[PDB]
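Colleague: Sharing a structure with you now.
Taken together, the values in this text are just the output of simple stated rules run on the coordinates, not laboratory data. Ideal geometry is used to build each Cβ from the backbone, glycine not excepted, and the neighbour counts take in all protein chains shown.
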Amino acid sequence: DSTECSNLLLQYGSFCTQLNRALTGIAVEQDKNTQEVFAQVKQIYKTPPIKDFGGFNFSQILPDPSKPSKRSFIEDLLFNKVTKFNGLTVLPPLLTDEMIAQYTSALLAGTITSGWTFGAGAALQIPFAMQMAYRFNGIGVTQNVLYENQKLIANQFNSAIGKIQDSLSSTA
Amino acid sequence: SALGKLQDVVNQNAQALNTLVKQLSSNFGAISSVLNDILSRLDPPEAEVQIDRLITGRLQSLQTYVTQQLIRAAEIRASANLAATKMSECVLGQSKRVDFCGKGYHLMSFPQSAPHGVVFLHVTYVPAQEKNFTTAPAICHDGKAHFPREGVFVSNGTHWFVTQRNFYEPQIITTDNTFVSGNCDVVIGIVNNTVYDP
Amino acid sequence: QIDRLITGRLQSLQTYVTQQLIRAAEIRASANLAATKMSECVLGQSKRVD
Amino acid sequence: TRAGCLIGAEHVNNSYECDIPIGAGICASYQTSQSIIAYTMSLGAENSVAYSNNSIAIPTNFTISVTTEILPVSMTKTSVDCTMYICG
Amino acid sequence: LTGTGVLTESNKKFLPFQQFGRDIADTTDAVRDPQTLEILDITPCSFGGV
Ligand SMILES: *[C@@H]1O[C@H](CO)[C@@H](O)[C@H](O)[C@H]1NC(C)=O
Ligand SMILES: *[C@@H]1O[C@H](CO)[C@@H](O)[C@H](O)[C@H]1NC(C)=O
Ligand SMILES: *[C@@H]1O[C@H](CO)[C@@H](O)[C@H](O)[C@H]1NC(C)=O
Ligand SMILES: *[C@@H]1O[C@H](CO)[C@@H](O)[C@H](O)[C@H]1NC(C)=O
Ligand SMILES: *[C@@H]1O[C@H](CO)[C@@H](O)[C@H](O)[C@H]1NC(C)=O
Ligand SMILES: *[C@@H]1O[C@H](CO)[C@@H](O)[C@H](O)[C@H]1NC(C)=O
Ligand SMILES: *[C@@H]1O[C@H](CO)[C@@H](O)[C@H](O)[C@H]1NC(C)=O
């Protein structure tokens, strides 16, 4: 709030424009980063009805329809753990939290239902048990090892998910 | 307008040079911009002070210019290293990294020269129209579970076949396409069929 | 006095802008790494150890 | 909007792709008469997958597709004389 | 104290001896009226870019 100060500053040159262009570049890169990291899928895949995924319990990572927020329980824990004076303005991001949650849910549904075929062409449905058998066939072991131990595998997966949830809810 | 990433560097360089040239015609607090007119109609001490003012201003401007040039050269070197890696693992071999050297299954690439850059031509392999079928984990013939060696057990409604996972080539289910391991008591979803023995 | 204040505040603002540029470069590198990890691991099966 | 006041555009209860980004999810575009509209951007088209216990989809054809990727390599080599710059 | 801002009737209670409060950034936020024992708020008016 000074006119003589501004008249004096006008003698220095074009530094304000330079720093403003730098800040604008930073601000646009901050949105390009998230728009490149999260927006990697074309179609928003939806979760199917009540699901018999072989025995695996994907109840802690799918979007919770109870609250209006499309965030799951782990996302709620992660959001709850992390907690206009002199010309400073905080510009809002381009993508809200709900769009990020929808992108993550679409990616999760694509990885669960289709597998690894929704990143090259069209989504191809396949039972989750056969998908895990193909993963085991890729890591070296055969398919019988999974076809005879799917129960133990699902139990260990559920136990690991529970332990991860407990660790996230205990310490951050 | 597709080659914008190559034009942005030239635009930024031109803008920086123009900003420097325009800053060469400032005062930063003085009697005049040009230095000889300062010492022409003025006493030695005040002229030297006004020259020192311009010296400090131009030093600050040049330091800011050098800092911006270093910051830009860092990103340019990062992009050049990425381009060198993408030139190595695109053409001198077939990569298995998803969405790295092209969208889809990678086959080959061809490099092309460009002003202050490089243009790649990724030849990929994209699937096509699908067709629904019915699959089963294994097949029980004589109390033994038959698992597919390399492929899926595909049925067209009446009979069963075996084909690869990337192309529909139904083959006759025989003992040369499956291996016996275990019995039909553990596999959840075991189906009944007849394995042909040549 | 106004000239001295302007010089001081301009130096402070330039230092702030430089720090923000460095932090933005670091964040862009981290975001590129995260995008690579998302594209090569989630949408497929990587054979890269660790 | 959530990013300020948009004077000159009209709202619409639709969802298209983001042509001109504004902020906080709001996007603008120039569509038909002709005027400036403001709508909430759509992430994509809903495509549910028909999952079941026994169903697989195997393709029958293929389509070759060549793409293009451009990456900067180097810049212009410059060198400024400090003495001649500062002192004329 | 002096300054320019939008005066609004706030509700933060003051001590019987205190006169004006500040914030973490050491800026004038709330000032008690000299005549009537009421707590007011000082907020700068809107500012931004076009
Ligand atoms: C999955 O875990 C949740 C955790 O509370 C539980 O309520 C649900 O019944 C489980 N579902 C299955 C199929 O085990
Ligand atoms: C799945 O395949 C069956 C034939 O086996 C067909 O009748 C059905 O329409 C297919 N479903 C989808 C969603 O393609
Ligand atoms: C399935 O393929 C066999 C080929 O041996 C054919 O004889 C049969 O009619 C086909 N079934 C249907 C429902 O198309
Ligand atoms: C679910 O999948 C199992 C495994 O193949 C199968 O045995 C069962 O019949 C399926 N149930 C339904 C309702 O599709
Ligand atoms: C396969 O054959 C066995 C013995 O003949 C029988 O117990 C079983 O139920 C059959 N499975 C089907 C799916 O028909
Ligand atoms: C694949 O599509 C092309 C393009 O129409 C067609 O010429 C060709 O016959 C198709 N292949 C098969 C096996 O149908
Ligand atoms: C001060 O004078 C005003 C008259 O406008 C009156 O309303 C107020 O109550 C007075 N305050 C005291 C403490 O006497």
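Colleague: Which ³J(HN,Hα) values, rounded to whole Hz and listed in residue order, are derived for region B:176-190 from phi using the Karplus coefficients 6.51, -1.76 and 1.60 in 6.51 cos²θ - 1.76 cosθ + 1.60 with θ = phi - 60°, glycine and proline given as x?
Modeller: 9, 10, 9, 10, 8, 7, x, 9, 8, 9, 10, 5, 7, x, 5
Colleague: Ok, one more. Is it possible to state the helix-based mean residue ellipticity at 222 nm for the protein assembly as shown, with each DSSP H run of 4+ residues giving -39500 (n - 2.57), the sum divided by total residues, to the nearest 500 deg cm²/dmol? What is it?
Modeller: Counting only the DSSP helices, I get -12000 deg cm²/dmol.
Colleague: If the chain between B:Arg97 and B:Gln171 were fully stretched, how many nm would it gain, using 0.36 nm times the residue separation less the Cα-Cα distance?
Modeller: Contour length minus the Cα-Cα distance gives 23.6 nm.
Colleague: Applying 1/(1 + (r/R0)^6) with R0 = 60 Å to the Cβ-Cβ distance of C:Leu5 and A:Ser59, what FRET efficiency is obtained, to the nearest 0.05?
Modeller: Taking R0 as 60 Å, the efficiency between C:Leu5 and A:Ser59 is 0.45.
Colleague: Can you give me the relative contact order of region A:87-172 as a percent, contacts being Cα pairs under 8 Å and 6 or more apart?
Modeller: On the way: 32 pairs, mean separation 10.9, N = 86.
Result for region A:87-172 is 13 percent.
Colleague: Something else now. Would you list A:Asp97, B:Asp142 from fewest to most Cβ contacts within 10 Å?
Modeller: Values: A:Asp97 13, B:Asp142 10.
Neighbour counts put them in this order, fewest first: B:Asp142, A:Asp97.
Colleague: What is region B:78-198's relative contact order, in percent, from Cα pairs under 8 angstrom and six or more apart in sequence?
Modeller: 19 percent.
Colleague: Under a crude label model (7 Å from the Cα following the beta-carbon direction), how far is D:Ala45 from C:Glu26 in nanometres?
Modeller: Label at D:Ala45, label at C:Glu26, 4.4 nm between them.
Colleague: Defining a contact as two alpha carbons under 8 Å apart and six or more residues distant in sequence, what relative contact order in percent does region B:39-129 show?
Modeller: Contact order relative to length: 16 percent.
Colleague: Can you sort A:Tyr134, B:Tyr196 by how many other beta carbons sit within 10 Å, fewest first?
Modeller: Least to most surrounded, the residues fall as B:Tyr196, A:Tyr134.
Colleague: Starting from the 7 Å offset along Cα-to-Cβ, what nm value, one decimal, do you get for the label separation of C:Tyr16 and A:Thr89?
Modeller: Distance between the two pseudo-spin positions: 1.5 nm.
Colleague: Need the C-alpha centroid separation for region D:2-46 versus region A:116-172, integer Å.
Modeller: 40 Å
Colleague: With label points built 7 Å along Cα→Cβ from the Cα atoms of B:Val180 and B:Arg41, find their separation and express it in nm.
Modeller: That separation, rounded to one decimal, is 11.2 nm.
Colleague: On to the next question. Taking the number of other C-beta atoms within 10 Å as the exposure measure, put E:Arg22, B:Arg97, A:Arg71 in order starting with the fewest.
Modeller: Lowest to highest Cβ neighbour count: E:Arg22, B:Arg97, A:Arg71.
Colleague: Cα gyration tensor of the protein assembly as shown, axes a ≥ b ≥ c as square roots of the eigenvalues: rounded (a/c below 1.5), prolate (a/b > b/c) or oblate? Walk me through the numbers on the way to the answer.
Modeller: Details: a/c = 2.98, a/b = 1.83, b/c = 1.63.
Here the protein assembly as shown falls in the prolate category.
Colleague: Report the far tail of the P(r) of chain A, meaning the percent of Cα-Cα pairs longer than 22 Å.
Modeller: Counting pairs separated by more than 22 Å, the tail of P(r) holds 64 percent.
Colleague: A further question on this structure: Between their Cα atoms, which of B:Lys5/D:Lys77; A:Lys84/E:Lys12; A:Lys67/E:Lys12 are more than 26 Å away from each other?
Modeller: Pairs exceeding 26 Å: A:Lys67/E:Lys12.
Colleague: Here is the link list: A:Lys42/C:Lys37; B:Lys131/C:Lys47; A:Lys81/E:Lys13; A:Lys46/B:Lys96. Which ones come out longer than 22 Å on Cα distance?
Modeller: In this structure, B:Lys131/C:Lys47; A:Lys81/E:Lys13; A:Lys46/B:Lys96 lie more than 22 Å apart at Cα.
Colleague: If the rule is a partner Cβ under 4.7 Å, which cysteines in chain D fail it?
Modeller: D:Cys5, D:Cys82, D:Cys87
Colleague: On a C-alpha basis, how far is the centre of chain C from the centre of region B:55-124 in Å? Whole number, if you could?
Modeller: What the calculation gives is 18 Å, centre to centre.
Colleague: Further question on the same structure: With r as the distance between the Cβ atoms of E:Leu37 and D:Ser74 and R0 = 60 Å, compute the FRET efficiency 1/(1 + (r/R0)^6) and round to 0.05.
Modeller: 0.25
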